[PDB]
Amino acid sequence: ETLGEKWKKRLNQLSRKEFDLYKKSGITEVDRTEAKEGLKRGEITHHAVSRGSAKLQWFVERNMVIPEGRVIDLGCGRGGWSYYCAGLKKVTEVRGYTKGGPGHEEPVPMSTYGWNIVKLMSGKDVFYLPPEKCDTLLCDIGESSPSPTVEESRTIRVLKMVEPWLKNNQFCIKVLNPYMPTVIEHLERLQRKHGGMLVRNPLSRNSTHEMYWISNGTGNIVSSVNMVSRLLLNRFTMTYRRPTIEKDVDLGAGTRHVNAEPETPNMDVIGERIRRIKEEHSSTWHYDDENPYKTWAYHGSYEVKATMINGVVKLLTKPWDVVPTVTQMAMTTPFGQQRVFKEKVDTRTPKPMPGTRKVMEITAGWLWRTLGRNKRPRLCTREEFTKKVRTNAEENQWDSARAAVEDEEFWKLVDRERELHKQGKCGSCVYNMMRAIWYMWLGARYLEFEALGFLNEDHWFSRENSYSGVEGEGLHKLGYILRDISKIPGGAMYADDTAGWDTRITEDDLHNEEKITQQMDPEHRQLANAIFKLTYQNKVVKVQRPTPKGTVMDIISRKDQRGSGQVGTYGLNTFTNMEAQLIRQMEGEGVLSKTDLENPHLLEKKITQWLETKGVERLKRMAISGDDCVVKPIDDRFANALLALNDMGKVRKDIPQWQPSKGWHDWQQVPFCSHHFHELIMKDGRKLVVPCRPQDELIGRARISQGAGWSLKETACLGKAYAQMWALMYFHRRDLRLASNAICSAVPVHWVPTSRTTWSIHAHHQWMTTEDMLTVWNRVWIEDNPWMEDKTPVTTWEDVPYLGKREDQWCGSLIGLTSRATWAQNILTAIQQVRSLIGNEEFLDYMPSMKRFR
RNA sequence: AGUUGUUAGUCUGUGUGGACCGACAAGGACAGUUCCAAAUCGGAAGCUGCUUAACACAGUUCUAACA
Ligand SMILES: *OP(=O)(O)OP(=O)(O)OC[C@H]1O[C@@H](n2cnc3c(=O)[nH]c(N)nc32)[C@H](O)[C@@H]1O
Ligand SMILES: [Mg+2]
Ligand SMILES: [Zn+2]
Ligand SMILES: [Zn+2]
């Protein structure tokens, strides 16, 4: 009696809930709720048809099977495997076959990336098929039954049918029941004939002993079968473990043209960088050929080594241990990194139409002329960069940066590279996507700062100067900016997000952002042109990648797709967004039609006049920051001006490509910088405007102390910083104010907060002091607030207003539940516990600041 | 394998429709006197001293078990 059948019988002797829980013990699962909803609604993009997509992705990622050439899918069913395989590099045609009909699944015609090369046929049983020549053969046929002999016979039938297909080609066949002696003998004969191994997918439910026979990979069948069987047996009596969760597979959209995907790099521009990278790592450099990069270039790879809850906060915010999102925030590996790269960065946006490029050029020229009506560009200096680094104004490894700045050979390296830039070549300007390496990277950043740092150090995109940007405001002013927008006559307030803004920057966008050089001086212009044309339009990137033989860093390159970690990313993103929404408003007002977009030479007098007359006005109906936009057009035709927006390649997120945009009317609901804004009324009758966000996110981000040092002296100070931020910006949430008072009461008063709380450009970090928080609140919201005419100070933490209970609950509070009530009443005990744990330092009771404990 | 459904009760929304209103407050929540609401009284309507409906349609209301 083999082990497998023993497992089968033991399983067959289970009960209802015992079965329901044992089938999900220690397996990984895919959150299909979003996909289920989307498919139910009727979307045609960005969605896996079933869970077959992730199941095959697990194989494809680890190079167990490498789909290539023509892919034949047998038993495609809904089409998960076929649609996933349509979006790989070497694949060129996918044919899926299935029985279909009553009691069977049918293909779901969709338009994910690569749909134009996929043909799915129904009403064809594969068993009576005249097998053809296939370069990849995927088979996912099988029907599980309690009877083991029936499954055995079914398995033999499947293997017999599938054998005449395998003619030295990549394959992945599903074997439902591999623990039977004749099944095993047949598998061994097949392996001897064709090679390949037998492996278990970890996404497969626990109820089944299914495995997959795959081409790339060798091993012993019986040993692996026994290994899986023993795993099932030990999971039988193993304590229930909740199933690990994995994010669903994204699949892009649009037709795929394989003949236009590969990129031809300007080797004479990046050759020096590539050569230096090769020389530094010459022991392991090797042109791997299994590279999955479709739209980027590939140049090589080298081996490399592959590379916590805050105690105090978690000890004081217990009731949220059960909220799902709070934990889910806490949960960068090369597998996840590669998935992110494959489904987000590795696309190719179609070229704009002939008229659209002309429109974009005209708009960019006018916009750069208008932005520079007062200020003039200037070179930054070494001392400015030094000061900015020293003040520590997206990581924590700043001390090494400061040491590099204060060193001297570093500046010699920078000078050498700068002379190279003046010549017209770039040697060591290459950036990652995760100490000589440190100095080269920091020097590249410094040169970019020197050339394009005036876009921040002179506030080129402040609200006063740019008419749209919100640089230099901070959170406590975006609300008033939105309110002042809403008073302007017009339609709704559309905040249409864009999917992966960085990765949708056409070449023309860079060519237009380059126009700022037309206003500098030649000594500056040489350096700026060097930056633009040698490290923005020809970028060389390193990226990790896992392979059966460890982790290798790939070196790739591309010409579009502004890298997210460059100086001047914010400024140029804001500029592109401003001109994009300007064009969208242009179309919305009828000046720009389809015919105008299509003709190669649209007359520019019309656009010139429209801009010169109304551009400044239409620029005041917006609030822009990076990819975040809010726009209030004159009439609601704006919601249907999607030709210009989609043609430029800026496709909106989570909405079909042509469904008109949905705009709000209550400005207190329009999202902006991941916040919305509430208008409070104090007892004095003078109104405040405050930020707000689903407080699960706030608590989560408070419980994810990230490299702040394990030192209790440091985690406590980080918690204090978070609490003071809560008291200063989110004082109007009952849970947040209560928890903030608790934390600030359970940390010694003399300790100084460190380890900055947020990375957003919209935080001036007023909470990072040691002062009477009431005074800082007064300074932030009363004295230094341009929108508060009556400067009468607030004297105690009781005149400070609160959100209405309805809105407070609606934004994710926990008032009205029993656990929160008990926590609120017992908060003194938890404070005492933290005080005892800390030591014997001074503690001020901030709880009496509420009328609860007074 | 992928897919994954019924049954009964309960919370929304709407309509039909006489189909509700006010005062009040036990108690709870909240910590900004800020909100819930039993029980009671008063009125309103219906069928004669008693009642505050019932049904319909839809849910990612919740519950509870069955394929
Ligand atoms: O993961 P999946 O293959 O979808 O599980 P299935 O529900 O399809 O069942 C497969 C396999 O599991 C056994 N089984 C199903 N339902 C069961 C039950 O209620 N109680 C027991 N003890 N076993 C059960 C069945 O053998 C079937 O072949
Ligand atoms: Mg099943
Ligand atoms: Zn360089
Ligand atoms: Zn809110």
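Residues numbered from 1 in each chain as written, not as in the entry; some residues may be left out. Chains lettered and ligands numbered in written order. Heavy atoms only, no water. Residues with missing side-chain atoms left out of burial classes, pairs and counts.

What the entry reports as its method is cryo-EM, with 3.6 Å given for the resolution.

### A few points about the overall build of chain A
The line we're drawing: Helical segments are the DSSP runs of H or I of at least four residues, strand segments are the runs of E of at least two, and each set is numbered from the N terminus. For this measure, only C-alpha atoms enter the radius of gyration; the expected value for a globule follows 2.2 Å times N^0.38, where N is the number of residues.
Within chain A, the secondary structure is distributed over 32 helices and 16 strands. Its C-alpha atoms give chain A a radius of gyration of 30 Å, within 12% of the compact-globule value 29 Å for 854 residues. Dimensions of chain A along its principal axes, counting C-alpha atoms only, are 90 × 70 × 60 Å.

### Examining the site of ligand 1
Spelled out, the test is: It suffices for a single heavy atom of a residue to lie within 4 Å of a molecule or strand for the residue to be listed as near it. Contacts described as polar in this section are N or O atom pairs within 3.5 Å, which, within protein, must combine one atom able to donate a hydrogen with one able to accept it, while residues neighboring in sequence count only if both atoms come from side chains. Calculation of accessible area relied on Shrake-Rupley with a 1.4 Å probe; when residues are assessed, cover is drawn exclusively from the protein chains displayed. The classification used treats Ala, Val, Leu, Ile, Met, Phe, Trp, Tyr, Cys and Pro as nonpolar, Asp, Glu, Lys and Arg as charged, and all other residues, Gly among them, as polar.
Within the structure, ligand 1 sits among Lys-8, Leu-11, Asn-12, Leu-14, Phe-19, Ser-144, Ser-145, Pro-146, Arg-205 and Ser-207. A distance of 3.2 Å separates an oxygen atom of ligand 1 from a polar side-chain atom of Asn-12. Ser-145 is positioned with one of its backbone polar atoms (N or O) 3.3 Å from an oxygen atom of ligand 1. About the coverage of ligand 1: the protein hides 65% of its 570 Å² of free accessible area. With 3 residues, helix 1 (residues 3-12) is the largest single contributor of residues to the shell around ligand 1. When the residues that make up the shell around ligand 1 are grouped by side-chain class, the tally is 4 nonpolar, 4 polar and 2 charged.

### Quick word on the sheet that holds strand 6 (residues 170-175)
Rules: Two strands make a pair as long as DSSP finds a minimum of two bridges between them. Axes here mean lines fitted to C-alpha atoms, for a helix over just the part in contact, with angles spanning 0 to 180 degrees between N-to-C directions. Only heavy atoms enter the contact rule, under which two residues are in contact if any of them lie within 4.5 Å.
Ordered in space as 4-3-2-5-6-8-7, the 7 strands form an open sheet in which the pairing is mixed. Each of the sheet's edge strands pairs with one partner strand only, and the pair in question is strand 4 (118-121) and strand 7 (197-199). Each adjacent strand pair in this sheet contributes to an overall mean axis angle of 20 degrees, direction not counted. Each of strand 2 (69-74), strand 5 (136-139) and strand 6 touches helix 6 (residues 148-162); the most contacted strand, strand 6, lies at about 165 degrees to it.

### Focus on the coordination of the zinc ion (ligand 4)
Heads up, the condition is: Counted as donors are the N, O and S atoms within 2.8 Å of the metal, or 3.2 Å for Na, K and Ca, while water is not among the atoms, so some sites may look incomplete. Only protein chains enter the calculation, and the probe is 1.4 Å; a residue is then buried if its accessible area is under 20% of its type maximum, exposed if over 50%, and partly exposed in between.
For the zinc ion (ligand 4), the protein coordination sphere consists of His-676 (NE2), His-678 (NE2), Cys-692 (SG) and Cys-811 (SG), at 2.0 to 2.3 Å. Mapped onto the polypeptide sequence, the residues donating to the zinc ion (ligand 4) form the spacing pattern H-x1-H-x13-C-x118-C. Here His-676 is found in strand 15 (residues 676-681), whereas its partner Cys-692 is found in strand 16 (residues 687-692), with 16 residues between them in sequence. The buried category is assigned to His-676, whose relative accessible area is 16%. Owing to a relative accessible area of 0%, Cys-692 belongs among the buried residues under this scheme.

### Some thoughts on the sheet that holds strand 12 (residues 550-558)
One open sheet holds the 3 strands; their spatial order is 10-12-11, and the pairing between them is antiparallel. A single partner strand is all that each edge strand has here, and the edge strands are strand 10 (297-304) and strand 11 (539-547). Ignoring which end each strand starts from, the neighbouring axes of this sheet average 25 degrees apart. Where strand 11 lies against strand 12, 9 bridges are found, and the strand directions are antiparallel. Paired with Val-541 across the two strands is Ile-556, which belongs to strand 12. Its contacts with the sheet put helix 12 (residues 334-345) on strand 11 and strand 12, and the angle it makes with strand 11 is roughly 130 degrees.

### Some words on helix 1
Here is the rule: Regarding the arc, it is the one traced by the directions from the helix axis to the C-beta atoms.
Every buried residue belonging to helix 1 is among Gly-4, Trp-7, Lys-8 and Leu-11, and all of these are buried. One side of helix 1 holds all its buried residues, which, seen down the axis, span an arc of 100 degrees. Buried residues along helix 1 sit against helix 2 (16-22), helix 6 and helix 8 (221-237).

### Notes on the protein's contact with RNA strand B
With respect to spatial proximity, 25 residues lie near RNA strand B, and among them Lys-36, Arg-51, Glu-105, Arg-820 and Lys-851 are the closest. A share of 73% of the atoms of RNA strand B within 4 Å of the protein falls on sugar and phosphate groups. Contact distances for RNA strand B include 2.6 Å between a phosphate oxygen and a side-chain N or O atom of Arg-820. Looking at side-chain class alone, the surface near RNA strand B contains 4 nonpolar, 5 polar and 16 charged residues.

### Here we look at the packing of helix 14 (residues 382-390) against helix 15 (residues 398-406)
How we decide: Put simply, angles under 35 degrees are roughly parallel, angles over 145 are roughly antiparallel, angles from 65 to 115 are roughly perpendicular, and the rest are oblique. By convention, the crossing between two helices is left-handed when the near helix turns anticlockwise from the far helix through less than a right angle, and right-handed when the turn is clockwise.
Running from N to C, helix 14 and helix 15 cross one another at 155 degrees; their axes reach a closest spacing of 10 Å. Comparing the axis directions of helix 14 and helix 15 gives the class roughly antiparallel. As helix 14 runs across helix 15, the sense of the crossing is left-handed. Here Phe-385, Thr-386, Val-389 and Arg-390 of helix 14 come into contact with helix 15, specifically with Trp-398, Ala-401, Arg-402 and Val-405.

### A closer look at the environment of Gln-669
Within the secondary structure, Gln-669 sits in the loop between helix 26 (642-647) and strand 15. Look at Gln-669 and you get partly exposed, because its relative accessible area is 48%. Distance in space between the C-alpha atoms of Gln-669 and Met-493 is 9.8 Å, their sequence separation being 176 residues. Non-local contacts of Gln-669, meaning those with residues more than four positions away in its chain, are made with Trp-664 and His-676.

### Comments concerning the packing of aromatic side chains
How we decide: Aromatic rings from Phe, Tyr and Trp, taking only the six-membered ring of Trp, are treated as a pair when their centres fall within 6.5 Å; an angle between ring planes under 30 degrees marks them as stacked, one over 60 as edge-to-face, and anything in between as tilted. Should the NZ of a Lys or the CZ of an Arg lie within 6 Å of a ring centre and within 35 degrees of the ring normal, that charge is described as sitting over the ring.
Tallied over the entire structure, the rule returns 24 aromatic pairs. Plain terms: the ring middles of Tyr-22 and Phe-236 are 4.7 Å apart, the flat faces sit at 10 degrees to each other, and that makes the pair stacked. You can see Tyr-22 sitting in helix 2 and its partner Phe-236 sitting in helix 8, a full 214 residues away along the chain. Here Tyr-22 matches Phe-236 in class, with each residue buried. Between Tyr-480 and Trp-787 the ring centres are 5.0 Å apart and the planes differ by 5 degrees, which places this aromatic pair in the stacked class. Of this pair, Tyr-480 sits in helix 20 (residues 475-486) while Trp-787 sits in the loop between helix 30 (773-783) and helix 31 (805-810), and the two are 307 residues apart along the sequence. By relative accessible area, which is 25% here, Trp-787 ends up partly exposed. Each residue in the set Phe-385, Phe-410, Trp-411, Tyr-439, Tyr-446 and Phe-449 is aromatic and connected to the rest through ring pairs, giving one cluster. For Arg-10, the ring lying beneath its charged end belongs to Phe-236, and the centroid distance is 4.8 Å. Taking NZ or CZ as reference, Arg-157 lies 4.0 Å from the ring centre of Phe-127, over its face.

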